[PDB]
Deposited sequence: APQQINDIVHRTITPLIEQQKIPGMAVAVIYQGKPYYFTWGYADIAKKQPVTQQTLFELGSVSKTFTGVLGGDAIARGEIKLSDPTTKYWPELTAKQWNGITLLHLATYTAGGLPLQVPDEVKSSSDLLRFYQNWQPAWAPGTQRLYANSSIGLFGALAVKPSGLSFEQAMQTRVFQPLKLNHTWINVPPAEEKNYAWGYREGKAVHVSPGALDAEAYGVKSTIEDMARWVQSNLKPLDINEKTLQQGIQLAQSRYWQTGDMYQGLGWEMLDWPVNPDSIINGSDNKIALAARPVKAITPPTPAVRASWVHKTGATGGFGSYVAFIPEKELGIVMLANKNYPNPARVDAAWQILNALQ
């Protein structure tokens, strides 16, 4: 527990929790490949349960990094190809607007305007089919990026079809188990309920509600220890023994499209390191439609990158960022959804000091 790490973390996070009124928080800093943990406050205010290294937090969109990597693993296994048309894995999707929309477009939010959220009205398989069949794109595929759960959520669901495994089974067997993420879940089991923190929205305790493609877009819950391990795995994929998983991690950090100074990966988003903090901080502020330049062909994962992902739910706020070249990373999990810029700012202050 180097004093430098202790000091920068505490000096940065304490003020943050005070200003944002965060009930509880966990932070992990990966320095030279090793993890250091920090916790504050409560996982359950009413029951006075403190946040610990075993507390589970809802990751929200950070879940998309798991989906991107699982998809990458499927490509490495030769089960799917990002160049495959969406209809190859969903024959029922016969509507003409789908011609030319590939799994790559789904995975990177470039299908042409798929909506941010799948309608809360969608509550069945036929309902989901109708939703996608009736969706009218605003742009041709591969021209504009519009962040969307309905886009990467569908990618995740189709990517696992060849395996015959459910999305949860595939995630558990192909990603969580190999990486020893034994306290990371799509559905929190009863055995872990005691560790599942409550999220707080306007002072009320809340957990994420069920929704279509929730598993694929925002369904993961994890501990600060497992997320530290997730960061280490993504920082140094060559240390991973499962060949297709190592390759899937590499594919998820490849640069497929560029918008401004950001590059879109599978789930992960990247910028060249060194980065202009104002670029990532103001850049993380909440989702617009932005034209994209295709990187043809995609650039394999660049070590000198600031790789990150912000995530939230009604009652949680999370952020992950790492720099492969420096063997440095950070994970910030909180049970209150606070402004993205504040998370990025604190994360940059910490990593910049340690770099």
Residues of the deposited chain that carry no C-alpha coordinates are 287-289
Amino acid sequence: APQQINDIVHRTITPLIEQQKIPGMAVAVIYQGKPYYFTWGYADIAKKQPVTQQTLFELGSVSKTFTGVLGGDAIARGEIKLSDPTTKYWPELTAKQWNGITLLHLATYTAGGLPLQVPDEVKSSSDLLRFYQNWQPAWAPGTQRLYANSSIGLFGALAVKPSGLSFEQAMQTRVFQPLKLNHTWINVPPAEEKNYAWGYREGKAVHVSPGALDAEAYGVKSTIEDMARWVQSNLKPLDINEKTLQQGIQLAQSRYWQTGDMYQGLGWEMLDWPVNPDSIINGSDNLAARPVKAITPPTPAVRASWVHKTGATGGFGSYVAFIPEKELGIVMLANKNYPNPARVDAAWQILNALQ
From here on, numbers count along this sequence of modelled residues.
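Think of the rigid core as the biggest set of C-alphas that the two forms share within 1.5 Å after superposition.
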Comparing 287-295 to 38-46 by root mean square Cα deviation from the shown form in 9 other deposited structures of this protein, core aligned, the larger deviation is found at 287-295
The stretch carrying the higher mean Cα B factor in the deposited entry, 228-236 or 196-204, is 196-204
Per the PDB entry, mean CA B-factor is higher for 120-128 or 214-222, namely for 120-128
Entry record, C-alpha B-factors for 306, 57, 319, 31; the maximum is at 31
Residue set 187, 241, 182, 151, per-entry CA B-factor max assigned to 241
Residue 64: C-alpha B-factor third of its chain, per the entry, is the lowest
Binned into thirds over the chain's modelled residues, the C-alpha B-factor of residue 268 lands in the lowest
Chain thirds by Cα B factor, record data; residue 174 belongs to the lowest
Residue 133: CA B-factor among chain residues, third -> middle
Among the modelled residues of its chain, the C-alpha B-factor of residue 46 falls in the third labelled highest
